[PDB]
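Coordinates as given in model.pdb (PDB, C-alpha atoms (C1' of nucleotides)):
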```
ATOM      1  CA  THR M   1       0.000   0.000   0.000  1.00  0.00           C
ATOM      2  CA  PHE M   2       2.734   2.439   1.047  1.00  0.00           C
ATOM      3  CA  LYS M   3       6.199   2.442  -0.534  1.00  0.00           C
ATOM      4  CA  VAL M   4       9.342   4.579  -0.413  1.00  0.00           C
ATOM      5  CA  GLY M   5       9.768   7.724  -2.493  1.00  0.00           C
ATOM      6  CA  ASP M   6       6.028   8.227  -3.026  1.00  0.00           C
ATOM      7  CA  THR M   7       3.909  11.283  -2.241  1.00  0.00           C
ATOM      8  CA  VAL M   8       1.125  11.071   0.358  1.00  0.00           C
ATOM      9  CA  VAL M   9      -1.469  13.674   1.366  1.00  0.00           C
ATOM     10  CA  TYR M  10      -1.596  14.255   5.141  1.00  0.00           C
ATOM     11  CA  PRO M  11      -4.447  16.248   6.732  1.00  0.00           C
ATOM     12  CA  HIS M  12      -3.766  19.834   7.881  1.00  0.00           C
ATOM     13  CA  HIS M  13      -0.356  19.709   6.157  1.00  0.00           C
ATOM     14  CA  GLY M  14      -1.028  18.889   2.497  1.00  0.00           C
ATOM     15  CA  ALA M  15       1.176  16.838   0.223  1.00  0.00           C
ATOM     16  CA  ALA M  16       4.307  15.267   1.687  1.00  0.00           C
ATOM     17  CA  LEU M  17       7.154  12.965   0.677  1.00  0.00           C
ATOM     18  CA  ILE M  18       8.170   9.786   2.521  1.00  0.00           C
ATOM     19  CA  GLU M  19      11.862   9.333   3.354  1.00  0.00           C
ATOM     20  CA  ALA M  20      12.220   5.834   4.833  1.00  0.00           C
ATOM     21  CA  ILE M  21      10.484   3.090   6.811  1.00  0.00           C
ATOM     22  CA  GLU M  22      11.308   3.039  10.529  1.00  0.00           C
ATOM     23  CA  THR M  23      11.316  -0.116  12.667  1.00  0.00           C
ATOM     24  CA  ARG M  24      11.221   1.414  16.149  1.00  0.00           C
ATOM     25  CA  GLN M  25      10.079  -1.024  18.836  1.00  0.00           C
ATOM     26  CA  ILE M  26       7.501  -0.104  21.488  1.00  0.00           C
ATOM     27  CA  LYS M  27       6.851  -2.627  24.295  1.00  0.00           C
ATOM     28  CA  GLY M  28       8.642  -5.309  22.293  1.00  0.00           C
ATOM     29  CA  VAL M  29       6.460  -4.798  19.202  1.00  0.00           C
ATOM     30  CA  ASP M  30       8.107  -3.986  15.858  1.00  0.00           C
ATOM     31  CA  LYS M  31       5.682  -1.421  14.482  1.00  0.00           C
ATOM     32  CA  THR M  32       6.151  -0.488  10.816  1.00  0.00           C
ATOM     33  CA  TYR M  33       6.694   3.245  11.159  1.00  0.00           C
ATOM     34  CA  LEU M  34       7.071   5.417   8.065  1.00  0.00           C
ATOM     35  CA  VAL M  35       8.527   8.931   8.112  1.00  0.00           C
ATOM     36  CA  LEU M  36       7.399  11.760   5.843  1.00  0.00           C
ATOM     37  CA  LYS M  37       7.948  15.502   5.581  1.00  0.00           C
ATOM     38  CA  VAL M  38       6.712  18.689   3.932  1.00  0.00           C
ATOM     39  CA  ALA M  39       8.538  21.846   2.876  1.00  0.00           C
ATOM     40  CA  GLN M  40       6.209  24.246   4.723  1.00  0.00           C
ATOM     41  CA  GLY M  41       6.765  23.789   8.459  1.00  0.00           C
ATOM     42  CA  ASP M  42      10.015  21.747   8.509  1.00  0.00           C
ATOM     43  CA  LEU M  43       8.561  18.856  10.504  1.00  0.00           C
ATOM     44  CA  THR M  44       8.908  15.069  10.357  1.00  0.00           C
ATOM     45  CA  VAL M  45       5.866  12.798  10.735  1.00  0.00           C
ATOM     46  CA  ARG M  46       6.199   9.151  11.806  1.00  0.00           C
ATOM     47  CA  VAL M  47       3.059   7.034  11.340  1.00  0.00           C
ATOM     48  CA  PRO M  48       2.716   3.244  11.703  1.00  0.00           C
ATOM     49  CA  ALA M  49       1.177   1.446   8.748  1.00  0.00           C
ATOM     50  CA  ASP M  50      -1.366  -0.408  10.906  1.00  0.00           C
ATOM     51  CA  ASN M  51      -3.246   2.728  12.033  1.00  0.00           C
ATOM     52  CA  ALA M  52      -2.464   4.831   8.944  1.00  0.00           C
ATOM     53  CA  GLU M  53      -6.033   4.545   7.641  1.00  0.00           C
ATOM     54  CA  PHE M  54      -7.402   5.418  11.091  1.00  0.00           C
ATOM     55  CA  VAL M  55      -5.410   8.643  11.494  1.00  0.00           C
ATOM     56  CA  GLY M  56      -6.573   9.742   8.042  1.00  0.00           C
ATOM     57  CA  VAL M  57      -3.705   9.467   5.541  1.00  0.00           C
ATOM     58  CA  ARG M  58      -4.629   9.282   1.870  1.00  0.00           C
ATOM     59  CA  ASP M  59      -2.705   8.658  -1.351  1.00  0.00           C
ATOM     60  CA  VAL M  60      -2.547  10.727  -4.548  1.00  0.00           C
ATOM     61  CA  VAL M  61      -5.824  10.803  -6.479  1.00  0.00           C
ATOM     62  CA  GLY M  62      -5.323  10.469 -10.230  1.00  0.00           C
ATOM     63  CA  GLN M  63      -7.402  11.883 -13.066  1.00  0.00           C
ATOM     64  CA  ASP M  64     -10.636  11.177 -11.140  1.00  0.00           C
ATOM     65  CA  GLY M  65      -9.988  14.012  -8.667  1.00  0.00           C
ATOM     66  CA  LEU M  66      -9.335  17.227 -10.584  1.00  0.00           C
ATOM     67  CA  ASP M  67     -12.469  16.865 -12.727  1.00  0.00           C
ATOM     68  CA  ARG M  68     -14.740  16.230  -9.729  1.00  0.00           C
ATOM     69  CA  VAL M  69     -13.288  19.111  -7.711  1.00  0.00           C
ATOM     70  CA  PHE M  70     -13.664  21.344 -10.784  1.00  0.00           C
ATOM     71  CA  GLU M  71     -17.304  20.352 -11.304  1.00  0.00           C
ATOM     72  CA  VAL M  72     -18.114  20.903  -7.626  1.00  0.00           C
ATOM     73  CA  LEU M  73     -16.175  24.176  -7.888  1.00  0.00           C
ATOM     74  CA  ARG M  74     -18.399  25.190 -10.819  1.00  0.00           C
ATOM     75  CA  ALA M  75     -21.588  23.889  -9.175  1.00  0.00           C
ATOM     76  CA  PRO M  76     -24.172  26.699  -8.832  1.00  0.00           C
ATOM     77  CA  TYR M  77     -27.069  27.168  -6.373  1.00  0.00           C
ATOM     78  CA  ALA M  78     -24.863  26.954  -3.270  1.00  0.00           C
ATOM     79  CA  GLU M  79     -26.483  28.609  -0.251  1.00  0.00           C
ATOM     80  CA  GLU M  80     -25.435  29.365   3.321  1.00  0.00           C
ATOM     81  CA  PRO M  81     -27.391  30.170   6.497  1.00  0.00           C
ATOM     82  CA  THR M  82     -28.156  33.834   7.120  1.00  0.00           C
ATOM     83  CA  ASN M  83     -26.355  33.836  10.472  1.00  0.00           C
ATOM     84  CA  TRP M  84     -22.593  33.937   9.970  1.00  0.00           C
ATOM     85  CA  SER M  85     -21.936  31.910  13.134  1.00  0.00           C
ATOM     86  CA  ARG M  86     -23.395  28.663  11.759  1.00  0.00           C
ATOM     87  CA  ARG M  87     -21.399  28.940   8.523  1.00  0.00           C
ATOM     88  CA  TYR M  88     -18.299  29.837  10.551  1.00  0.00           C
ATOM     89  CA  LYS M  89     -18.782  26.713  12.679  1.00  0.00           C
ATOM     90  CA  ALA M  90     -19.379  24.605   9.557  1.00  0.00           C
ATOM     91  CA  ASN M  91     -16.364  25.703   7.506  1.00  0.00           C
ATOM     92  CA  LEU M  92     -13.601  24.699   9.928  1.00  0.00           C
ATOM     93  CA  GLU M  93     -15.349  21.361  10.490  1.00  0.00           C
ATOM     94  CA  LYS M  94     -15.340  20.839   6.718  1.00  0.00           C
ATOM     95  CA  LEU M  95     -11.649  21.800   6.675  1.00  0.00           C
ATOM     96  CA  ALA M  96     -10.889  19.300   9.455  1.00  0.00           C
ATOM     97  CA  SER M  97     -12.802  16.581   7.586  1.00  0.00           C
ATOM     98  CA  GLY M  98      -9.997  16.596   5.013  1.00  0.00           C
ATOM     99  CA  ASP M  99     -12.133  15.776   1.971  1.00  0.00           C
ATOM    100  CA  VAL M 100     -10.914  17.423  -1.230  1.00  0.00           C
ATOM    101  CA  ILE M 101     -14.463  18.062  -2.470  1.00  0.00           C
ATOM    102  CA  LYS M 102     -15.436  19.654   0.854  1.00  0.00           C
ATOM    103  CA  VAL M 103     -12.409  21.962   0.985  1.00  0.00           C
ATOM    104  CA  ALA M 104     -12.947  22.862  -2.687  1.00  0.00           C
ATOM    105  CA  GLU M 105     -16.547  23.846  -1.915  1.00  0.00           C
ATOM    106  CA  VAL M 106     -15.439  25.838   1.147  1.00  0.00           C
ATOM    107  CA  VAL M 107     -12.769  27.760  -0.763  1.00  0.00           C
ATOM    108  CA  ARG M 108     -15.108  28.398  -3.723  1.00  0.00           C
ATOM    109  CA  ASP M 109     -17.980  29.747  -1.605  1.00  0.00           C
ATOM    110  CA  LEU M 110     -15.573  31.775   0.591  1.00  0.00           C
ATOM    111  CA  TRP M 111     -13.825  33.252  -2.472  1.00  0.00           C
ATOM    112  CA  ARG M 112     -17.215  34.178  -3.945  1.00  0.00           C
ATOM    113  CA  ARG M 113     -18.179  35.856  -0.660  1.00  0.00           C
ATOM    114  CA  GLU M 114     -14.894  37.782  -0.620  1.00  0.00           C
ATOM    115  CA  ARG M 115     -15.451  38.813  -4.250  1.00  0.00           C
ATOM    116  CA  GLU M 116     -19.013  40.078  -3.830  1.00  0.00           C
ATOM    117  CA  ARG M 117     -18.571  42.328  -0.764  1.00  0.00           C
ATOM    118  CA  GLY M 118     -15.441  41.449   1.217  1.00  0.00           C
ATOM    119  CA  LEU M 119     -15.682  39.635   4.532  1.00  0.00           C
ATOM    120  CA  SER M 120     -12.950  40.654   7.004  1.00  0.00           C
ATOM    121  CA  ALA M 121      -9.231  40.442   7.712  1.00  0.00           C
ATOM    122  CA  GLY M 122      -9.511  37.632  10.262  1.00  0.00           C
ATOM    123  CA  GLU M 123     -11.015  35.130   7.811  1.00  0.00           C
ATOM    124  CA  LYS M 124      -8.192  35.938   5.377  1.00  0.00           C
ATOM    125  CA  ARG M 125      -5.882  33.744   7.472  1.00  0.00           C
ATOM    126  CA  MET M 126      -8.047  30.650   7.047  1.00  0.00           C
ATOM    127  CA  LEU M 127      -8.836  31.327   3.345  1.00  0.00           C
ATOM    128  CA  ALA M 128      -5.057  31.661   2.808  1.00  0.00           C
ATOM    129  CA  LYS M 129      -4.348  28.437   4.724  1.00  0.00           C
ATOM    130  CA  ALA M 130      -7.045  26.531   2.819  1.00  0.00           C
ATOM    131  CA  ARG M 131      -5.790  27.812  -0.546  1.00  0.00           C
ATOM    132  CA  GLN M 132      -2.225  26.868   0.423  1.00  0.00           C
ATOM    133  CA  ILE M 133      -3.137  23.318   1.454  1.00  0.00           C
ATOM    134  CA  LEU M 134      -5.382  22.873  -1.608  1.00  0.00           C
ATOM    135  CA  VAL M 135      -2.719  24.092  -4.051  1.00  0.00           C
ATOM    136  CA  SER M 136      -0.197  21.833  -2.299  1.00  0.00           C
ATOM    137  CA  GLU M 137      -2.606  18.908  -2.705  1.00  0.00           C
ATOM    138  CA  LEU M 138      -3.121  19.600  -6.414  1.00  0.00           C
ATOM    139  CA  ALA M 139       0.542  20.461  -7.066  1.00  0.00           C
ATOM    140  CA  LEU M 140       1.914  16.956  -6.446  1.00  0.00           C
ATOM    141  CA  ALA M 141      -1.167  15.227  -7.904  1.00  0.00           C
ATOM    142  CA  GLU M 142      -0.628  16.583 -11.431  1.00  0.00           C
ATOM    143  CA  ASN M 143       3.169  16.799 -10.834  1.00  0.00           C
ATOM    144  CA  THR M 144       3.172  20.462 -11.876  1.00  0.00           C
ATOM    145  CA  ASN M 145       5.292  23.315 -10.552  1.00  0.00           C
ATOM    146  CA  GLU M 146       3.960  25.242  -7.562  1.00  0.00           C
ATOM    147  CA  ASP M 147       3.894  28.552  -9.453  1.00  0.00           C
ATOM    148  CA  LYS M 148       2.169  26.745 -12.324  1.00  0.00           C
ATOM    149  CA  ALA M 149      -0.150  25.124  -9.765  1.00  0.00           C
ATOM    150  CA  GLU M 150      -1.220  28.497  -8.369  1.00  0.00           C
ATOM    151  CA  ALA M 151      -1.391  29.984 -11.883  1.00  0.00           C
ATOM    152  CA  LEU M 152      -3.643  27.282 -13.363  1.00  0.00           C
ATOM    153  CA  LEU M 153      -6.339  27.841 -10.724  1.00  0.00           C
ATOM    154  CA  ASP M 154      -6.557  31.564 -11.537  1.00  0.00           C
ATOM    155  CA  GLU M 155      -8.585  31.073 -14.730  1.00  0.00           C
ATOM    156  CA  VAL M 156     -10.932  28.335 -13.447  1.00  0.00           C
ATOM    157  CA  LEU M 157     -12.418  29.755 -10.226  1.00  0.00           C
ATOM    158  CA  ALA M 158     -14.311  32.596 -11.943  1.00  0.00           C
TER     159      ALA M 158
ATOM    160  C1'  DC Y   1     -18.175 141.947 -15.511  1.00  0.00           C
ATOM    161  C1'  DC Y   2     -21.301 138.584 -14.831  1.00  0.00           C
ATOM    162  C1'  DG Y   3     -21.345 133.937 -17.575  1.00  0.00           C
ATOM    163  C1'  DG Y   4     -20.230 129.891 -18.764  1.00  0.00           C
ATOM    164  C1'  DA Y   5     -17.337 125.710 -18.446  1.00  0.00           C
ATOM    165  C1'  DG Y   6     -14.662 122.718 -15.816  1.00  0.00           C
ATOM    166  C1'  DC Y   7     -13.845 120.983 -11.538  1.00  0.00           C
ATOM    167  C1'  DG Y   8     -14.736 119.275  -6.096  1.00  0.00           C
ATOM    168  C1'  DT Y   9     -17.606 117.452  -3.144  1.00  0.00           C
ATOM    169  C1'  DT Y  10     -21.909 115.232  -1.717  1.00  0.00           C
ATOM    170  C1'  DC Y  11     -25.872 112.685  -1.964  1.00  0.00           C
ATOM    171  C1'  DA Y  12     -30.776 109.513  -3.843  1.00  0.00           C
ATOM    172  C1'  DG Y  13     -32.722 106.030  -7.763  1.00  0.00           C
ATOM    173  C1'  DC Y  14     -31.747 100.817  -8.644  1.00  0.00           C
ATOM    174  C1'  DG Y  15     -27.901  96.868  -9.099  1.00  0.00           C
ATOM    175  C1'  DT Y  16     -24.645  93.176  -7.328  1.00  0.00           C
ATOM    176  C1'  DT Y  17     -22.001  91.140  -3.934  1.00  0.00           C
ATOM    177  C1'  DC Y  18     -20.993  89.571   1.169  1.00  0.00           C
ATOM    178  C1'  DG Y  19     -21.679  87.799   6.236  1.00  0.00           C
ATOM    179  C1'  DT Y  20     -23.668  84.715   8.424  1.00  0.00           C
ATOM    180  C1'  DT Y  21     -27.299  80.481   8.572  1.00  0.00           C
ATOM    181  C1'  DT Y  22     -29.863  75.867   7.347  1.00  0.00           C
ATOM    182  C1'  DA Y  23     -31.260  71.581   6.075  1.00  0.00           C
ATOM    183  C1'  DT Y  24     -29.417  67.330   3.399  1.00  0.00           C
ATOM    184  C1'  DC Y  25     -25.902  64.056   2.202  1.00  0.00           C
ATOM    185  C1'  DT Y  26     -21.257  60.744   3.206  1.00  0.00           C
ATOM    186  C1'  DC Y  27     -18.071  59.089   6.472  1.00  0.00           C
ATOM    187  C1'  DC Y  28     -17.024  57.744  10.959  1.00  0.00           C
ATOM    188  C1'  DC Y  29     -17.576  56.817  16.059  1.00  0.00           C
ATOM    189  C1'  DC Y  30     -19.964  54.396  19.766  1.00  0.00           C
ATOM    190  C1'  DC Y  31     -23.299  51.488  22.355  1.00  0.00           C
ATOM    191  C1'  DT Y  32     -26.604  47.526  22.777  1.00  0.00           C
ATOM    192  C1'  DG Y  33     -27.724  42.848  20.975  1.00  0.00           C
ATOM    193  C1'  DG Y  34     -26.333  37.669  18.806  1.00  0.00           C
ATOM    194  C1'  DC Y  35     -23.985  33.847  18.329  1.00  0.00           C
ATOM    195  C1'  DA Y  36     -26.885  27.424  20.110  1.00  0.00           C
ATOM    196  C1'  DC Y  37     -22.350  19.509  19.884  1.00  0.00           C
ATOM    197  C1'  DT Y  38     -20.454  20.055  24.799  1.00  0.00           C
ATOM    198  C1'  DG Y  39     -17.244  22.452  27.350  1.00  0.00           C
ATOM    199  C1'  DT Y  40     -19.872  23.464  35.811  1.00  0.00           C
ATOM    200  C1'  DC Y  41     -14.072  25.290  41.085  1.00  0.00           C
ATOM    201  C1'  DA Y  42      -8.197  29.043  40.176  1.00  0.00           C
ATOM    202  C1'  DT Y  43      -4.396  31.056  42.644  1.00  0.00           C
ATOM    203  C1'  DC Y  44       0.260  31.145  44.408  1.00  0.00           C
ATOM    204  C1'  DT Y  45       1.362  32.948  48.588  1.00  0.00           C
ATOM    205  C1'  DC Y  46       4.540  32.904  53.128  1.00  0.00           C
ATOM    206  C1'  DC Y  47       9.869  31.588  55.790  1.00  0.00           C
ATOM    207  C1'  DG Y  48      17.004  33.385  57.629  1.00  0.00           C
ATOM    208  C1'  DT Y  49      12.859  41.626  60.040  1.00  0.00           C
ATOM    209  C1'  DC Y  50      12.873  42.690  65.113  1.00  0.00           C
ATOM    210  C1'  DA Y  51      12.149  44.111  69.310  1.00  0.00           C
ATOM    211  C1'  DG Y  52       9.455  44.520  72.641  1.00  0.00           C
ATOM    212  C1'  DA Y  53       5.392  46.122  73.949  1.00  0.00           C
ATOM    213  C1'  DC Y  54       0.093  46.578  74.151  1.00  0.00           C
ATOM    214  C1'  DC Y  55      -3.746  44.219  73.971  1.00  0.00           C
ATOM    215  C1'  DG Y  56      -7.561  40.999  73.701  1.00  0.00           C
ATOM    216  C1'  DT Y  57      -8.272  36.422  73.416  1.00  0.00           C
ATOM    217  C1'  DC Y  58      -8.667  31.611  75.226  1.00  0.00           C
ATOM    218  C1'  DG Y  59      -8.344  27.143  77.262  1.00  0.00           C
ATOM    219  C1'  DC Y  60      -6.667  25.282  81.610  1.00  0.00           C
ATOM    220  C1'  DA Y  61      -7.007  25.678  86.585  1.00  0.00           C
TER     221       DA Y  61
END
```
Rendering of file as structure tokens:
Amino acid sequence: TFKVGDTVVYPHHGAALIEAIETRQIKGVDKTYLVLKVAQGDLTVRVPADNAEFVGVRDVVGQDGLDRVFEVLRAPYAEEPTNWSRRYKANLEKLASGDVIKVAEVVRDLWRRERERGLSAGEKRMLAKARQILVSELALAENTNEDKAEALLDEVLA
DNA sequence: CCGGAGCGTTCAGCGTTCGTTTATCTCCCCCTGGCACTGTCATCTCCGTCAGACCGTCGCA
């Protein structure tokens, strides 16, 4: 399932590359740890392969992902509750869910809201974080350059 | 030898321009009200005064 040198998407950190497989022993049990890293925060993540699906790791989605996130990005008739508190409570939950379709919907609706009137400066931090993690997810999926990854999305979100 | 013209000063007709106000239209400040998974007891003080008194307080006798 998991090999060396491959790219894996980790929640709240985006795409990452695996360095090696670690065989550290805990209580006399040889767990199959794997170590991975990103270029954003300069951190190393060690996850055993047995509970990898439980913690929420996920591989690189092929050609079946960009088309579905584009068609849910272009999906009209999206509505939000009138009170901003319910939508505010929903969006970070959708971000923490880690689904690509959910984060694409959140960034599309939020970008539309910022375009129409302009929300605030506080929400700019989370829009920026979501755009960063989404462009990092799509950058290593299509194997494109990061500047090309952020450039290609500029003509499709309108 | 006054008479007229030109000149100096001073006022009444209407004709425009100021001095000081007024309500309406943007931009901002400031106060009260809403948020709905649950989330139901903190906090470190204080020591090597100090010197003895003044005083009430308090349990034992």
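Taken over the whole file, the PyMOL selection byres ((chain M and resi 16-31) around 8) covers exactly residues 4, 5, 6, 7, 8, 9, 10, 13, 14, 15, 32, 33, 34, 35, 36, 37, 38, 39, 48, 49 and 50 of chain M.
Picked out by the PyMOL selection byres ((chain Y) within 10 of (chain M)) when it runs on this file: residues 34, 35 and 36 of chain Y.
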Could the residues in this selection be saved with C-alpha atoms (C1' of nucleotides) as a CSV table (one decimal), in the coordinates of the input?
```csv
chain,number,residue,atom,x,y,z
Y,34,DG,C1',-26.3,37.7,18.8
Y,35,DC,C1',-24.0,33.8,18.3
Y,36,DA,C1',-26.9,27.4,20.1
```
| task | Fewer than 2 positions away in the same chain doesn't count, so skip those; otherwise give me all residues within 8 Å of segment 54-70 of chain M, counting all atoms listed in the file, as number ranges by chain. | result | M: 7-11, 51-52, 72-74, 100-101, 104, 138, 140-142, 156
| At what distance in Å, to one decimal, does atom CA of residue 117 of chain M lie from atom CA of residue 76 of chain M? | 18.5 Å
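Interatomic distance, atom CA of residue 135 of chain M against atom CA of residue 150 of chain M: 6.3 Å.
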